[PDB]
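Q: Everything below, folded, please.
(one chain, ligands or ions: 13)
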Amino acid sequence: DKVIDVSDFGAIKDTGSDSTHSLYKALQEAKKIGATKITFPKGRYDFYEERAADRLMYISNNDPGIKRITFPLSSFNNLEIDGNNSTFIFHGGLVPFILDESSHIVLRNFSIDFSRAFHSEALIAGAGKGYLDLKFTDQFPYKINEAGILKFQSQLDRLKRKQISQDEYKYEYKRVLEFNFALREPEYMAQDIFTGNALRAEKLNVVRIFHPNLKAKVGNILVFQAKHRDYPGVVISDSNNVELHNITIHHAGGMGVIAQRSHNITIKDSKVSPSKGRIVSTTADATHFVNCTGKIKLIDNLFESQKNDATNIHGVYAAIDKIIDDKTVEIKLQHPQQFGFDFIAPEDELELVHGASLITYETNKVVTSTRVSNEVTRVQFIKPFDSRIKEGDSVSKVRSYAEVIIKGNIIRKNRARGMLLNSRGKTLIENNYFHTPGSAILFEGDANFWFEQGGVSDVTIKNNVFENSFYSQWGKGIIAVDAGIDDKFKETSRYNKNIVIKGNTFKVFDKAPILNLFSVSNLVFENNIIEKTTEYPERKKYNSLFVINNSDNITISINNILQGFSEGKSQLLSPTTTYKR
Ligand SMILES: O=S(=O)(O)OC[C@H]1O[C@H](O[C@H]2[C@@H](O)[C@@H](CO)O[C@@H](O)[C@@H]2OS(=O)(=O)O)[C@H](OS(=O)(=O)O)[C@@H](O)[C@H]1O[C@@H]1O[C@H](CO)[C@H](O)[C@H](O[C@H]2O[C@H](CO)[C@H](O)[C@H](O)[C@H]2O)[C@H]1OS(=O)(=O)O
Ligand SMILES: [Cl-]
Ligand SMILES: [Cl-]
Ligand SMILES: [Cl-]
Ligand SMILES: [Cl-]
Ligand SMILES: [Cl-]
Ligand SMILES: [Cl-]
Ligand SMILES: [Cl-]
Ligand SMILES: [Cl-]
Ligand SMILES: [Cl-]
Ligand SMILES: [Cl-]
Ligand SMILES: [Cl-]
Ligand SMILES: [Cl-]
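A: Numbers count the residues shown, from 1 in each chain. Ligands and ions are numbered 1, 2, ... in the order given. Shown next is the structure:
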């Protein structure tokens with residue numbers, strides 16, 4: 001009627017049977033009749049590959065290919081999916097949700113998990129020169145083949161072997177990271193150890209893995225980082241007015257929520273958090289927004305234990321590959337996880353940017369655009385473009401940049417950074433808790449490897465708590481700039497502008513930078529409380545709370561408060577150019 005009950009289409013809870021086809025039929029009926037809601041009788045629902053719809057997808061900062069989709073929400077309008085706090089379990093290579101060219105879609109009250117994680121975890125039972133001894137629990141099956149290589153499996157007749165073998169790709173790894181057993185966070189100062197996808201291994205007649213760079217503390221947990229990003233949790237693509245309310249994402253092969261080229265997204269009262277027996281949630285970013293517009297609201301969420309940043313809101317740079325004539329260029333997407341990102345349309349305004357400095361030469365209007373491939377697009381401008389532009393420079397679309405509201409979130413226990421603020425729109429970061437091994441807030445962006453467009457223009461960071469963040473090495477300080485500006489251009493490049501950091505509590509354990517800035521104009525750091533702790537060992541390489549280079553109009557104000565420090569506030573609040581002296 002107005003509300004469609006998925007059990008009227010044969011999806012039965014708690015049985016363990018596949019509910020994919022019944023779900024599909026309920027979705028098509030909702031589109032046929034104009035229903036505004038689908039409800040699940042509260043229970044457990046399982047979804048498998050065999051009857052899932054298949055679609056080519058490019059998904060920014062994730063891996064492209066054929067996706068099997070359990071909720072294929074393409075061209076839906078004005079539809080709410082209320083799971084009534086049901087539990088959704090996905091078996092194998094599924095993308096749970098893709099919202100494609102949809103509008104006013106509300107997702108509420110369910111959880112997402114996969115029956116076997118894409119990553120794997122092990123207890124570290126011993127260590128030595130070039131090896132670790134590991135105990136795996138049952139939920140991470142593996143085989144050690146005749147070659148002496150550790151290969152994780154989907155599960156423990158010739159065609160069943162063949163399909164299991166075909167599953168091996170999904171559980172490939174590329175690096176390992178040590179997690180502290182007691183704190184359930186990346187181990188203090190441990191770093192990613194690259195291994196590649198094949199580790200020599202042997203079972204001691206416990207599994208021993210061999211690699212020259214292995215180093216960890218016994219009793220900690222070793223995480224094998226999933227190599228691939230093929231199965232993100234919720235994809236929001238070319239869509240508008242999407243809300244996620246009380247969604248729990250226990251796991252994904254890649255990001256928890258990834259949005260590209262969409263407009264108005266809210267994520268509220270949701271959580272990314274591990275399920276029973278796991279120390280890791282999603283295998284990449286909890287959330288992530290590419291070329292999005294309107295309001296992006298992250299309200300009152302819990303993001304913990306994912307293998308990457310909690311959020312990143314940014315644009316796409318594309319390199320100028322070939323100059324065809326004075327008015328025409330071919331641009332090329334650079335990073336493999338950007339291939340297929342079409343964004344340049346007739347009448348768009350583009351920034352033309354010098355690659356090594358991130359200085360904008362000019363803006364220009366595009367009159368025509370032709371997609372040549374999933375890499376190359378040809379672009380014709382209305383007037384001849386600036387004569388200084390060379391091949392190797394980049395373009396970025398001048399958007400109505402997203403207004404970013406990030407309020408009331410708890411961000412902790414994840415690998416890497418807290419928030420990558422590459423939002424050039426009006427940005428508000430207020431009343432969040434950060435406990436991250438990397439930079440809690442990082443202004444990044446580059447046009448040489450990730451080709452992500454950042455460059456802040458209006459940022460307010462007010463009344464957050466930064467507790468012993470940046471306790472490892474993914475970043476350059478608690479709040480830091482690592483934008484891709486060559487040293488030669490730092491003094492003249494001003495990439496991030498107009499930043500107010502007021503009313504925060506920084507609980508710090510050593511004298512690593514609270515602020516580490518370059519190429520900034522107009523930043524005010526006032527009315528903050530800085531308070532010394534002993535939560536982690538002090539690192540002797542840091543002796544400066546405020547490292548500032550190649551910036552202007554930076555006020556580190558006198559009205560900040562310092563508690564528990566040996567030295568006086570006038571030494572401690574005084575900027576250096578270096579970490580030490
Ligand atoms: O230098 S770090 O800040 O620590 O970056 C970490 C880095 O890890 C791997 O590369 C390093 C290690 O492999 C290490 C092992 O001994 O050797 C180092 O010298 C390598 O450093 S290097 O890459 O700077 O040359 C990653 O490669 S690997 O998995 O094949 O081993 C490498 O890509 C890089 O990982 C990135 O670290 C970031 C935090 O520092 C962040 O998590 C990146 O992902 C997210 O951020 C970027 C924007 O910066 C994009 O938005 C991504 O989509 C986000 O997911 C992370 O990249 S990724 O996980 O490989 O995709
Ligand atoms: Cl009906
Ligand atoms: Cl039922
Ligand atoms: Cl779809
Ligand atoms: Cl609508
Ligand atoms: Cl299961
Ligand atoms: Cl095959
Ligand atoms: Cl659980
Ligand atoms: Cl990854
Ligand atoms: Cl140059
Ligand atoms: Cl943006
Ligand atoms: Cl030192
Ligand atoms: Cl002052």
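Q: Now the one helix or strand residue 160 maps to: buried residues?
A: Using DSSP states H and E, residue 160 falls within helix 158-167. Buried residues in helix 158-167, counted by 16 or more other Cβ atoms under 10 Å: residue 167. Where C-beta positions appear, they are placed from N, C-alpha and C, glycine not excepted.
Q: Buried ones in the helix or strand following it, by neighbour count?
A: Remark: after helix 158-167, the chain's next helix or strand is strand 173-180, criterion DSSP H and E. Residues of strand 173-180 classed as buried: 173, 175, 176, 177, 178, 179, 180 (neighbour count, 16+ other Cβ under 10 Å).
Q: got the contact list for strand 173-180?
A: 119-121, 124, 152, 185-188, 190-197, 199, 214, 216-217, 220-227, 279-280, 307, 415 (Cβ atoms under 8 Å, 6 or more residues apart in numbering).
Q: Just the buried ones out of those, please.
A: Buried members of the contacts of strand 173-180, scored by 16+ other Cβ under 10 Å, are 119-121, 124, 152, 185-188, 190-193, 195, 197, 199, 214, 216, 220-227, 279-280, 307, 415.
Q: From those, which land in helices?
A: Judged by DSSP state H, the buried ones among the contacts of strand 173-180 include no members of helices.
Q: before we move on, back to that, tabulate the buried residues of strand 173-180 (CSV), appending distance to residue 370.
A: As requested, these are exported to CSV (distance: Cβ to Cβ, whole Å):
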residue, distance to residue 370
173, 40
175, 39
176, 44
177, 43
178, 49
179, 48
180, 52
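Q: so residue 195 touches residue 201, yeah?
A: No. Counting by Cβ atoms under 8 Å, residue 195 does not reach residue 201; the two are 11.0 Å apart.
Q: What residue in the stretch 201-350 of the chain comes nearest to ligand 13?
A: Using Cβ to the ion, the closest approach of the stretch 201-350 of the chain to ligand 13 is made by residue 313 at 30.8 Å.
Q: How many neighbouring residues does that residue have?
A: The number of residues packed near residue 313 is 26, by other Cβ atoms under 10 Å.
Q: Adjacent strands (with direction) for the strand or helix carrying it?
A: Assigned by DSSP H and E, residue 313 belongs to strand 311-325. Partner strands for strand 311-325, per DSSP bridges, with pairing direction: strand 287-290 (parallel), strand 328-332 (antiparallel), strand 394-397 (antiparallel), strand 419-421 (parallel), strand 452-453 (antiparallel).
Q: Return the distance of stretch 384-401 from the chain's centre.
A: Taking Cα atoms, centre = their mean, to the nearest Å, the mean C-alpha location of stretch 384-401 is offset from the chain mean by 26 Å.
Q: cool, stretch 249-260 as well?
A: Using Cα atoms, centre = their mean, the offset of stretch 249-260 from its chain centre is 8 Å.
Q: buried ones in it?
A: Under 16+ other Cβ under 10 Å, the buried positions of stretch 249-260 are 249, 250, 251, 252, 253, 254, 255, 256, 257, 258, 259, 260.
Q: So which of those is the closest to ligand 1?
A: residue 255 (7.4 Å; Cβ to the nearest ligand atom).
Q: wait, what's in contact with the closest one?
A: With Cβ under 8 Å, 6+ apart, residue 255 has these contacts: 61, 62, 229, 232, 233, 282, 284, 285, 286, 287, 288, 308.
Q: Closest one of those residues to residue 27?
A: residue 233 (18.2 Å; Cβ to Cβ).
Q: so what's the closest one closest to, chain neighbours aside?
A: residue 252 (3.9 Å; Cβ to Cβ, 6 or more residues apart in numbering).
Q: what residues go with each domain of the chain?
A: The chain resolves into domains spanning 3-116+229-308, 120-226, 315-397, 410-572 when parsed by automatic domain parsing.
Q: Tell me the gap between the last one and the middle of its chain.
A: Taking Cα atoms, centre = their mean, the mean C-alpha location of domain 410-572 is offset from the chain mean by 19 Å.
Q: That concludes my questions; thank you for your assistance.
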